[PDB]
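Listed next as structure tokens: two forms of one protein chain, kept apart as structure 1 and structure 2.
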Structure 1
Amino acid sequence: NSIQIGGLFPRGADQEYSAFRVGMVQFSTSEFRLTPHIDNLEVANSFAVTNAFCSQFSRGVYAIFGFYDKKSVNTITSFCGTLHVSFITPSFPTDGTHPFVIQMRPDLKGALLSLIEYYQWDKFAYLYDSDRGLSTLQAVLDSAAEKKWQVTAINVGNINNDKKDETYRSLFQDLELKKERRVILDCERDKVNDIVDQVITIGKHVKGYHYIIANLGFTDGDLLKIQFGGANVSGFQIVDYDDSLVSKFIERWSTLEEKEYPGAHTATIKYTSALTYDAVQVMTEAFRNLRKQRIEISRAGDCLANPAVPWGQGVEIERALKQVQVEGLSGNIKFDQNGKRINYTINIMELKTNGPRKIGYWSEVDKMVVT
């Protein structure tokens, strides 16, 4: 029989939805079938997200897989938590300890702070994207205070496409007056590519500059265009193309028909997409585990019912999700009691003239290791 689940996907998150579908095939099993109800929406719009959630709730889903952003995360956490509906997501982990949310994405803060120390930086620029949220900036500034770092923090959010190219050039001119050659980019893939383009245009991809790319997808970026100038470039990668699990997956993914699977037919997968595939494994494994434990699960009505009516089996589903431990595209997958990734590994990368090189890793049990 079927287990209905919700899928809340941002508009144009094609590669993620392809990875979701590939996961549904790869992890299908004799004990049950996952049957997804897909809403595509504007994830920054809390009204839209509330309508989709309530719509899924009324159809009677057993969990929801999805994405939120800084603006809608309080909607997801509050409704999931109230109604005991588990949310599984590759989005940025929440700031506190909200229940009924399973966070596929490992925390970056610990590794980033260790890497600053590893290179012995005590003076740097930090380019942050206010449209994406501010908790990594807050951590970095708190550490700066504790450790006496001098941080030049510059907002690269809220930039009209009109003058994006011109704004970045003036930002970097001002940095050269202060003679600042060490820069961290706390942005995701698109904005990183935009900034890198302007760094190259003004000739600051040359020897004597160091960029740390502060996201979990180092090689998701177009690195080849900054690979030959002479600047140092470092980053983080949670998908290891040398693991055999990942190369086996890439054999099939790279040969999928791009017309049927948008964003496939490539030798890399964005970490967001990889975590989505991994989410299908986590959800499958949770429901299989409920059967091994002979914990029976069948039975949602009005989203805005007064009083709030949360189903009894919600806690059981949550608990099974959070007890999963598997190997996926993102390494070992395990969760603490608040659904945060634990016991994970983040590979530390540096760009060289022959391609990105893995120099070590950061682990959630210890800290930075050179390999």
Structure 2
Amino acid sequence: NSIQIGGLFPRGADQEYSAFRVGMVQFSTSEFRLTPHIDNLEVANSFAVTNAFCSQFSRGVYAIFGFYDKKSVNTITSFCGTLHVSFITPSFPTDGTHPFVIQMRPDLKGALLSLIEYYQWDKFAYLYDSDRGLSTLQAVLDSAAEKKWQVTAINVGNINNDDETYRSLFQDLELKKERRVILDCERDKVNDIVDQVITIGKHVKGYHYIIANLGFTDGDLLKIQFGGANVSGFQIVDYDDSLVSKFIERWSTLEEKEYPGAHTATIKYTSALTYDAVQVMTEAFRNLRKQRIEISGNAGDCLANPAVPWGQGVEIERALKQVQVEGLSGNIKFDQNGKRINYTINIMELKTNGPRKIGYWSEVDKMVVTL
């Protein structure tokens, strides 16, 4: 009748949780009910993530949908890989292979290195956070040496008080008259950084910013004041897609009281990846059942040692990774390591009349423009 799944949600991930439930309803079938048990926790907190996870496993969940960050990812992967429990996640994709983790989020390092070559940049800064990993860094680092680039790669993820040091930033940035900045970092240090360019100095219109994430047109970014600066970014949810359009139809009209974060025209890519994740677990589980593969018994201590992995574990993983569907985030399909493949990333520039889609980037490592 019903399947047990976990939900590990970060403190205050309202919209994502709303999109999750909106998914539970949308792909629900008479066939079976997904029965989630949600924990809200500090994801940066490894202990608390361990506890949340262990709590789920002790309760016999087959699959956990949740989030991690740089500080807790190894906990997720090690425990998932040990107990043979599957984590479906909108969080940043791990470098290197990892069993039992299913990555809803397409990598972006490639589209990005292409965007750089496209604008034929050769001298620029890459101002980074470590918070969604630093595998991207390694990539710009490798190509700079390979494709002969001079790059000023600063981890600006070190902030305190002294905005004396913040003006120091751009102060030094003009040492070579760069003007070309890639921003790979949280939204706060994006606003703060650019705000420094505007307030403290000139010439504002002179810079071109590449915003290194997949939610250019998620509402927040284009709220900041760039001046007349060129501003480029990425988008993974195509609001011109029919599948997306019908979704925002109902979404834009949900009650905000009943569904925190909804009742809006856009949707953050992480919430879109959440919705899609529910379709994905859903399909996986119907593929299992179709093969009459029993979900299923004890599953006690996760710190049980020696540990025993559910026997049905590699099957469920198998089912998840073999899923192929279209979602809010385009073509959804995974390689053997649970990574997104055959996806498209839209390439965006901000213009007087809004974000325009100047092209896209195919996981066949190709950047294609539009007329």
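Counting starts at 1 with the first residue of structure 1 and goes up one by one along its sequence. Take the two forms, find the largest set of C-alpha atoms that superpose within 1.5 Å, and that set is the rigid core.
A.B. asks: Considering only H205, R288, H98, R181, single out the residue whose C-alpha is displaced by at least 2 Å between structure 1 and structure 2 after superposing the rigid core.
C.D. replies: With the rigid core fitted, the residue that moves is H205.
A.B. asks: 2 Å or more on the CA of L224 between structure 1 and structure 2, with the rigid core superposed, yes or no?
C.D. replies: Where the cores coincide, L224 still shows a C-alpha shift between structure 1 and structure 2 that is 2 Å or more.
A.B. asks: When the two forms are laid on each other by their rigid core, does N193 show a Cα shift of 2 Å or more between structure 1 and structure 2?
C.D. replies: It does shift by 2 Å or more.
A.B. asks: Indicate whether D240 shows a C-alpha shift of 2 Å or more between structure 1 and structure 2, with the rigid core used for the fit.
C.D. replies: The answer is no; the displacement is under 2 Å.
A.B. asks: I need the CA movement of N155 between structure 1 and structure 2 once the rigid core is aligned, reported in Å.
C.D. replies: That residue's C-alpha sits 2.0 Å away in the other form.
A.B. asks: To one decimal place, what C-alpha displacement in Å is found for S130 between structure 1 and structure 2 with the rigid core superposed?
C.D. replies: That residue's C-alpha sits 3.0 Å away in the other form.
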